[PDB]
């Protein structure tokens, strides 16, 4: 049925047969705007490669007749919905793609691919036999993002991955309509940008002798040198590759902290420069806030950043320095503080980060940073963007009420380096970027969200995939789909289909995740009973569903363990019409810490007026009766 991730804003389904691309189908451009023509050509190349169909570009050929073509239109009425909005009208007569801005057409194409057979992505095989149907019926889609900032961050400073890997990540982002690549390119353990005025930033800072592994303070090492960096020509190519796929790159140059690799290259940049690039991930060196050379150096670097990154926003990091380890007691710090009348080390960081916002602004750019740039001593430039990642949400809300745009990256929801125990798939999908205590008038200041793939413990592309996917798919939906249309069980079904595409595209996403059952699948589902140690003193259990049996069809009963030392063993679940059985699903299930076949399918008859309907479930405690659970009843 409907399988697009993100789920689009407005969908209208019609009855009949769907559109199908054939060897006779054409792509017609009914506009002269060349931005739309460039998108049309890029759309032709993509669709032809994946389907094998020729799909040549023509403004003529009429619209054939019984050969559904692709029509690209420029519809001004969608402009109220932003430059990323588009509409799709699909029927056997035609497939019309419209947008106010050319970027909408690209996203229309991605929706088109996701409504076609997944084999589109196969690099092998006979595709001349595929039925290239667009969904299962005719339809009208009007679509647009809830949030304008839908970001994925890749940390290449902790471990470098390179052009091939990041282009493959960009491909996943575009297919999910994520539009910001936050590129964390500098940190203590690596510097990954060629700066032509300062060659040692890469010739020294891009190489280290070994890497700590396992976890922080593991005492374990791989004893393996690690190096890599991007040349400025590579960065230009990747910027272009991303922009063609509707993605703006936000570069991050960490400061005043996370500066070890830069300091080793040029030791005057820090008051406590390490002897070599750190081999452990527990070292955080800080730039010297008391020497103009620091600011002069950083401004020269930022000059080259702006020449090769056209995006308006530059991320400085700006998270808190480890004051005790780095500045406390250093004479250059204490005198600097006494002179300028500063009471705290945090005041010294605020001074640095405020000065950098003026340096960034004088380059025609806009500064972004982690929420410490805002506070907790003068105040920060109102134009600065704040990425919230930790603390009381009152800090983000205070910044919003003071006039800052905010990106919600609360680390307990969005840090993809964490395990699936720490952030399960349902926690990623249930993330709500708009802080709940924030008054409605302020909501438009929450521009969106960012998911972070930190790479201390990620050294291969396949491990990067394992950590980033499938949860990045959830964040793409949180960023795009209207809040009122979010639906976690439905998202997980669509995720199964989408996981075929990830396989064919080489993405080693986490396996044991997509098909789990969690209690969050059932907030929108009726509850018909429970079990307790007391109800386990019998094995036959009856639950009334009279009010829920309104029509013929399939009903799914789920016995979901909640807590207790013991699971339940389930023999069968049946539906009774009055006192007679009319459907039974007999199969062994176990609902406890592990959930094994806990869903039972019941076939309801067209209801008998005046009859009662009862779900009867035969189950008992497994090794004991300390078991609590809930019985859910789905009526699709």
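Residue numbers count along the first chain shown, from 1.
- The entry models residue 376 and residue 377 with a gap of 10 or more deposited residues left without coordinates.
- Between the stretches 12-20 and 608-616, it is 12-20 that shows the larger average CA temperature factor.
- Looking at mean Cα B-factors across 269-277 and 212-220, the upper value is held by 269-277.
- In this structure the maximum Cα B-factor among 90, 455, 246, 422 is found at 90.
- Each of 150, 366, 351, 486 has a CA temperature factor in the record; the biggest one is found at 351.
- Ranked within its chain, residue 290 lands in the highest third, by CA B factor from the PDB record.
- Remark: residue 593 belongs to the middle third of its chain, ranked by C-alpha B-factor as recorded.
- When the modelled residues of the chain are ordered by C-alpha B-factor, residue 394 sits in the middle third.
- In the deposited entry, the Cα temperature factor of residue 567 sits in the middle third of values across the chain's modelled residues.
- Ranked against the other modelled residues of its chain, the C-alpha B-factor of residue 537 as given in the entry falls in the middle third.
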